[PDB]
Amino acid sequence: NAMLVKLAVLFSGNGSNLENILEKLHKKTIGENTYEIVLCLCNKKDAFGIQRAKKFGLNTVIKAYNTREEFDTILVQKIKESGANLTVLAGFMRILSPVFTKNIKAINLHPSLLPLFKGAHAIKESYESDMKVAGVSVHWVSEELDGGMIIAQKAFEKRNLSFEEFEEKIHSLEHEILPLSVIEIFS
């Protein structure tokens, strides 16, 4: 009744959420499950997260296509032959066709209480909102943008926090919920 969970993490730039998932999951044993990241993927060679991945003995598989369907076909290919049981989108800034979403079990992190504040400007719009609560969400990746089945979400009270303090709470709640997210899926 034991499990070795192989994970793939996709990124396009910084490598923050990528590095946070490694420290808490890569080859770490948590409960009855053991986890390892078998794939780190990037679409831009100049991204810094590649050298961040090299800090865990993890080489990174590297707008180079005029065809999205042809591009996503390679993503699916790499994830599958890695043996990854789950793909985790971490700062991956690209639009994924059904070529990916129909054939890859993937999860994504969103800095808002879905389905509220979908899209990029979630943190900004949620702070300026007259709502008094905010949070972060983890959901499955579907054909519907940020509309996949919600896995987990945590809510907090905005109060008199400045935008800096508010944003720092979101980025902290993310680093909590996202590594935790993978765990619940297999427990």
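Residue indices: 1-based, along the sequence shown.
Can you count the deposited residues that have no coordinates between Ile62 and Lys63 and report it as none, 1 to 3, 4 to 9, or 10 or more?
Unresolved stretch here: 1 to 3 residues.
27 to 35 set against 128 to 136, stretch whose average Cα temperature factor tops the other in the entry:
Taking the mean B-factor of the alpha carbons in each, 27 to 35 is higher.
Averaged over C-alpha atoms, is the B-factor higher for 151 to 159 or for 48 to 56 in this PDB entry?
48 to 56 has the higher mean C-alpha B-factor.
Mind checking which third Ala8 falls in for C-alpha B-factor across the chain?
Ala8: CA B-factor falls in the lowest third of its chain.
Sorting by Cα B-factor within the chain, modelled residues only, which third would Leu96 end up in: lowest, middle or highest?
For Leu96, whose C-alpha B-factor we compare with every modelled residue in the chain, the answer is the middle third.
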